[PDB]
Protein chains: 2
Amino acid sequence: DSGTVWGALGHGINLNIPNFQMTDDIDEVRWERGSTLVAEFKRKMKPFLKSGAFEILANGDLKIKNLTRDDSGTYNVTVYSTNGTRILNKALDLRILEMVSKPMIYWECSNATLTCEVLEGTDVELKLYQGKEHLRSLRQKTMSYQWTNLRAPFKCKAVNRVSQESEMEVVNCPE
Amino acid sequence: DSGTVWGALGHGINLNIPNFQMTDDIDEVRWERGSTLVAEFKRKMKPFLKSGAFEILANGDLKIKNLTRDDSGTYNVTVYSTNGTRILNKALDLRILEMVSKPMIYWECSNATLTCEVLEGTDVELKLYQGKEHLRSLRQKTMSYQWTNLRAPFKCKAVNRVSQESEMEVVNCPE
């Protein structure tokens, strides 16, 4: 059956076979992304790998080395015992995202407005905190908040499923 | 005899047997943690590994795949020749740490105070530099320094045995 996995572009990920345990009676495990065999492990063989991009691990997990936009999609694992029987057939959804960069915080004293902004990343949420209160969150790469007090630093955190990065600044206005 | 080894949480580590070389004259090498045999290599036999977390390498090194706060402690290696002589018995201290995150630098012009702060890490030391002079070090995740001049940018470095991460900012106060 299908679950969801999130990976970061240009990094590795390990697709692990759901609620499984490996054992000496397992003759085969094969991984197909969509309808393409990507890797196949057969107990007594050096494995079949589509390319150098994939590697089949000791316990049958698919290890993709450096994710590419062509690697996302529905993967399928089917594993067979020695008496050739299909033990399992499960499906996973690989979705890949881009990592976030460190946020920038800048401000404008006249309108008392602070802006937090980030350059890198995908499906980014930007979170603002001042001291220990969470001020605002937005799924945007740029966010502006009009302050009420300046008793504490502001913290801006940029986050997505695959990364997190934060910044702090004190609004330091001419008075 | 004994040594210390440092590993990062959620990463792998190889505990190598100091100044040893594997030859056909070695019959056995065993690795123990507390009252458990974690892994054992014995000559005409198949390896004993306590669970899937460990793997015993070709040369007898212990490979722990994904460090967990519970994996730290004294590990013992004992290796034996084919004629039953205990060739070696060495002890190693596995200390596992959390990797440092990138420091955030923010500054307050009124009291001319700069603050360097880091969110992630364990056994962290913060190191402050302005230009080429080392300003201050503190074994804390937050450090504050009141400046004298602003002719150079500040650089704050967060470091611990298993990681290091730096940042730079130019204090830019209104006149």
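Here the Cβ positions follow ideal geometry from the backbone for every residue, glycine too, while neighbour counts run over all protein chains shown. Since every read-out is calculated from the coordinates, none of them should be taken as a lab result.
Just how large is the dipole of the stretch A:1-97 about the Cα centre, in debye to the nearest 20, putting +1 at every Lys and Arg Cβ and -1 at every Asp and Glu Cβ?
220
Taking the Cα centre of the protein assembly as shown as origin and charging only Cβ (+1 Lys, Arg; -1 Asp, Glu), how large is the dipole, in debye to the nearest 20?
About 540 debye.
Based on the Cβ-Cβ distance from B:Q146 to B:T68, what FRET efficiency comes out when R0 is 35 Å, to the nearest 0.05?
0.25
Need one number for the stretch B:98-175: average projected area of the convex hull over its C-alpha atoms, nm².
For the stretch B:98-175, the mean projected area of the Cα convex hull comes to 4.8 nm².
Find which of B:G10, A:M104, B:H134 sits farthest along the positive direction of the dipole of the protein assembly as shown, computed with +1 on the beta-carbon of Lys and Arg, -1 on that of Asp and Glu, about the Cα centre.
It is B:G10.
Dipole size in debye (nearest 20) for the stretch B:98-175 around its Cα centre, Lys and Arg Cβ +1, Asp and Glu Cβ -1?
Computed about the Cα centre, the dipole is about 300 debye.
Quick one: how many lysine pairs does the stretch B:1-120 have with C-alpha atoms less than 29 Å apart and a gap of 8 or more or different chains? Give me the count, please.
17
May I ask you to give the average projected area over all directions of the convex hull of the Cα atoms of the protein assembly as shown, in nm² rounded to one decimal?
Spelled out: convex hull of the Cα atoms, projected over all directions, averaged, 23.9 nm².
So what's the convex hull volume per residue for the Cα atoms of the stretch A:8-154, in Å³?
139
Could you let me know the centre-to-centre spacing of the stretch A:10-26 and the stretch A:135-175, using Cα atoms, in angstrom?
Here the answer is 40 Å between Cα centres.
What is the spread of the Cα atoms of the stretch A:16-80 along each of their three principal axes, largest first, in whole Å?
Per principal axis, max minus min of the Cα coordinates gives 36, 24, 19 Å.
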